Each structure stands twice: as structure tokens, then as C-alpha cells.
Amino acid sequence: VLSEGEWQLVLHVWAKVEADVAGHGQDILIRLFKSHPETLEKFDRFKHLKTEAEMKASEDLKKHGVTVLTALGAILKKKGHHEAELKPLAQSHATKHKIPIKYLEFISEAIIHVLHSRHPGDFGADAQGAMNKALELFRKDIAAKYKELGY
Ligand code: HEM
């Protein structure tokens with residue numbers, strides 16, 4: 001369970017993200033796809049993209065990054081009380097999009113990396129640790145839903 005102090009560190013840096021949702025979403029998905037190409041293959045929308053420049057030029061990718069970060073922000077602001085938000089997300093990702101938990105670990109690493117690059121003054125080690133804990137909680141709770149469903 002995150003402490004109040006940990007949630008403050010998480011939401012302080014997240015408020016900085018929300019100033020440029022789309023640019024963060026691009027950086028994060030591109031890092032994900034470059035660092036873990038298996039993840040790109042899960043996206044019929046995006047698997048035609050073969051270079052970083054093509055990824056950065058795709059408006060559809062930018063739109064999707066906004067969708068992803070908007071959902072994540074809504075979850076983070078619940079400070080753990082996110083059951084209702086995770087239900088549909090876990091269901092779609094387990095049963096329709098077929099995303100392993102490990103790939104959620106990979107996107108978490110990309111989120112952390114981009115936050116560090118964009119917001120170093122609000123993302124020192126204490127804040128990095130807190131954000132890691134928040135994304136771990138996210139994964140833990142999705143994984144329990146995956147297990148219920150047999151994924
Ligand atoms: C922070 C973690 C993530 C969040 C918050 C998130 C959120 C979302 C949201 C809100 C949607 C649209 C509604 C829905 O279908 O549930 C979606 C769609 C989708 N997600 Fe995620 N997602 C996450 C991680 C991932 C990862 C790591 C992958 C793949 C490696 C993935 C693959 C997909 C796919 C394939 C779709 C459908 C895209 C389409 O064709 O329109 N998601 N995600």
C-alpha cells in the first residue's frame with residue numbers, strides 16, 4: 001500500500017504530465033515499441049510502423065497515447081481505490097487484446113523513463129520509487145483479475 005507521502009510524490013509528477021498528455025504518450029509508446037518490439041505486434045493499428053520517425057509522425061499513435069495516459073491518470077488519482085477503473089481495462093487487455101502482465105511491466109518501465117527525462121526536478125529517487133510502487137500496484141491488481149479469468 002502506498003503512503004500518503006508516496007501518493008503525493010506520484011501525483012505531483014503526474015500533474016506535470018498532464019500539461020502535455022500527448023507528447024508524453026508518444027515518447028512512452030515509442031520507447032515501449034523500440035525497447036520491446038513484441039509489444040508493437042499486438043497493435044493491428046500500429047504494426048505497419050517500422051522506424052522511430054514513422055512512429056513520431058503517426059497521429060493515430062499520438063491519439064492512442066492520449067487514451068492510455070488518460071486512463072492511467074484516472075487510476076492514479078484514485079490512490080489505490082481503483083477497482084471500478086480496472087475492471088474494464090483488465091477484461092479488455094486479458095480477453096480481447098491479449099496483453100501479458102509482463103508487457104504491463106514493460107510499459108511501466110517506459111513511463112518511468114520518460115517521466116525522468118521530462119521532469120527530473122520532480123522525479124528524483126524518492127518520486128521514482130513512489131511511481132514504481134504505484135505502477136506495481138496497478139500491475140498487481142490487474143494480475144489478480146487476469147488470474148480470475150484464466151489469463
Ligand atoms: C498503463 C498501461 C495501459 C493502459 C492504462 C491501457 C489503456 C488502454 C485503453 C484505455 C484502451 C482502450 C479501451 C480498452 O480497449 O480497454 C486500450 C486499448 C488497447 N491496449 Fe492498452 N493500456 C495499457 C497497456 C497496454 C499494453 C502494454 C499493450 C500492448 C503491449 C496494450 C494494448 C492495447 C491494445 C492492442 C488496445 C486496442 C487498440 C486498438 O486497436 O484500438 N495496452 N488500452
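Basis of the calculations
- Residues numbered from 1 in each chain as written, not as in the entry; some residues may be left out.
- Heavy atoms only, no water.
- Donors = N, O, S within 2.8 Å, 3.2 Å for Na, K, Ca; no water.
- Helix = DSSP H or I, 4+ residues; strand = E, 2+ residues; numbered from the N terminus.
- UniProt positions renumbered as here; feature names shortened; annotations may be inferred.
- Buried < 20%, exposed > 50% of the residue type's maximum accessible area, 1.4 Å probe, protein only.
- Contact = heavy atoms within 4.5 Å.
- Core = buried A, V, L, I, M, F, W, Y, C linked by side-chain atoms within 4.5 Å.
- Expected span 1.5 Å × (residues − 1).
- Near = heavy atom within 4 Å.
- Polar contact = N/O pair within 3.5 Å; in protein donor to acceptor, adjacent residues only side chain to side chain.
- Nonpolar A, V, L, I, M, F, W, Y, C, P; charged D, E, K, R; others polar.
- Salt bridge = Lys/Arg side-chain N within 4 Å of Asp/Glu carboxyl O.

Per the PDB record, this model was obtained through X-ray crystallography at a reported resolution of 1.0 Å.

## Points about the coordination of the iron atom of the ligand
Six octahedral donors around a metal ideally sit at 90 or 180 degrees from one another, while four tetrahedral donors ideally sit at 109.5 degrees. Just one protein atom coordinates the iron atom of the ligand, and that atom is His93 (NE2), at 2.1 Å. If you trace the backbone, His93 turns up in helix 6 (residues 83-95).

## With respect to the UniProt feature "binding site: heme b" in the protein
Following the UniProt record, one finds the feature "binding site: heme b" at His93. A relative accessible area of 22% means that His93 is categorised as partly exposed. The residues touching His93, leaving out its near neighbours within four places in the chain, are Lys98, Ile99, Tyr146 and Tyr151.

## Focus on the nonpolar core
Judged by nonpolar contacts, the single largest core of 42 residues is most densely connected at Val10, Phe33, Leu61, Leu76 and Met131. Put simply, the parts of the chain that give this core at least two residues each are helix 1 (4-17), helix 2 (21-35), helix 5 (59-76), helix 6, helix 7 (101-118) and helix 8 (125-149). Counting residues per element, this core draws most heavily on helix 8, which supplies 9 residues. With near-sequence residues (within four places) excluded, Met131 lies in contact with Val10, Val13, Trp14, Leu76, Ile112, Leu115 and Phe123.

## Details of helix 6
For an α-helix, the turn length of 3.6 residues means that residues three or four places apart are oriented alike. Helix length check: helix 6 (13 residues) gives 18 Å between terminal C-alpha atoms against 18 Å at 1.5 Å per residue, within 8%. Restricting attention to buried positions, one finds in helix 6 the residues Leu86, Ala90, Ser92 and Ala94. Those residues of helix 6 hidden inside the fold are in contact with helix 5 and helix 8.

## Topic: the UniProt feature "binding site: nitrite" in the protein
Under the local residue numbering, the UniProt record ascribes the feature "binding site: nitrite" to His64. Mapped onto the secondary structure, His64 falls in helix 5. For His64, the contacting residues outside a window of four places in its chain are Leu29, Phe43, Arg45 and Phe46.

## Remarks on the site of the ligand
What surrounds the ligand is a group of 17 residues, the closest being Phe43, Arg45, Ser92, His93 and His97. Within the side chain of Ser92, a nitrogen or oxygen atom sits 2.7 Å from an oxygen atom of the ligand. The separation between an oxygen atom of the ligand and a polar side-chain atom of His97 is 2.7 Å. Of all the secondary structure elements, the ones that give two or more residues to the shell around the ligand are helix 5, helix 6 and helix 7. Each residue belonging to the shell around the ligand can be placed in one class, and the counts come to 9 nonpolar, 6 polar and 2 charged.

## Observations concerning the pattern of salt bridges
All told, the structure shown has 11 salt bridges when counted by the stated rule. One salt bridge in this structure joins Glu85 and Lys78, with 3.2 Å as the shortest N-O distance. Relative accessible area serves as the criterion here: at 35%, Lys78 is assigned to the partly exposed category. Here the salt bridges share partners, and the residues they tie into one network are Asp20, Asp27 and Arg118.

## A look at the side chain of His119
Summarising the element assignment, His119 is placed in the loop between helix 7 and helix 8. What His119 contacts, discounting residues up to four positions off in sequence, is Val13, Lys16, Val17 and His24.

## Observations concerning the side chain of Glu6
Looking at the element boundaries, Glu6 is found in helix 1. Side-chain polar atoms of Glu6 contact the side chain of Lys133, separated by 3.0 Å. With near-sequence residues (within four places) excluded, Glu6 lies in contact with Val1, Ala130 and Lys133.

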